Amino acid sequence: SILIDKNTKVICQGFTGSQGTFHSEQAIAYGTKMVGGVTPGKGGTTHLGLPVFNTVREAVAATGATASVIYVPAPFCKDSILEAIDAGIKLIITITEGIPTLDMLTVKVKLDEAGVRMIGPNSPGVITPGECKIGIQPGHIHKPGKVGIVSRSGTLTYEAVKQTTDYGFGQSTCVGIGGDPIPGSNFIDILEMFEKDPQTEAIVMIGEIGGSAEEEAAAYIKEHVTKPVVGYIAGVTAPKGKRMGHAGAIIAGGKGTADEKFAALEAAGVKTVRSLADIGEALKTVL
């Protein structure tokens, strides 16, 4: 597994808000070691049976949490993320959608310099089935297993989750890198973690139109990933220069089409699948 496991202590920023509450309840029910939350102004109260702090530093000092999940509205995310980085948090899972690209541009630089790992934003989260759930994904479709999944899309990931659970492969860890143009972590970062993870025997990489993370991931896989990789890219039929839902799902300057990504992956030896419904079949093949 990667990123999180049964021992990951997690705090939630935006803990007392609607989504923060609802999803923390789910993480809590799943057994995730949520140890607290941060909502400026509500420090010293308890919510979902856990302590709420005015700041991430108070939360970290109090709980020792190394990971923070963020459910803070877009306008305040940069502030929330930089606060978490400043408080010593090593893993930030940002669910929030709508964060200004420029905010993430700066955050990404900060993350990289501070050595802090962030998954997201605009991410469904991360889940190590049977051990730790951080995010909004439905935990019941997962099965402790050997397939590592990385995806720029939440729903598509679920499909791959269903398939890999149905074929009995199960999942080591599912990582939603999110649909934003400048995510905290990209395919290459997660691919490298899967290659180095003993429990992960195969990798399902799910991308879509826009940017070139997949093409770069391809080049990376060819040279540094030995485990089998099954790839799926959504957007073959998407128009160019049009945002398809995700802020990052846009083909800018005619570059970054689904076909180019399939092609680049195919050329790197990745087992690509044209129908999202055949991810399980392709894994069976390479497994």
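Throughout, we count residues from 1 along the sequence that is shown.
- On average the C-alpha atoms of 257 to 265 have higher B-factors than those of the other stretch, with 66 to 74 and 257 to 265 being the two compared.
- Set 127 to 135 against 98 to 106 and average the Cα temperature factors; 127 to 135 ends up higher.
- The entry assigns its greatest Cα B factor, within the set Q199, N122, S151, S80, to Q199.
- Per the PDB record, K242 has a higher Cα B-factor than any other of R57, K33, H246, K242.
- Per the PDB record, residue ranking by Cα B-factor puts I2 in the middle third of the chain.
- For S185, the recorded CA temperature factor ranks within the lowest third of the chain's modelled residues.
- Looking at the C-alpha B-factors along this chain, the one for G168 belongs to the highest third.
- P40: CA B factor lies in the middle third for its chain, per the PDB record.
- Per-chain ranking of the deposited C-alpha B factor places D86 in the lowest third.
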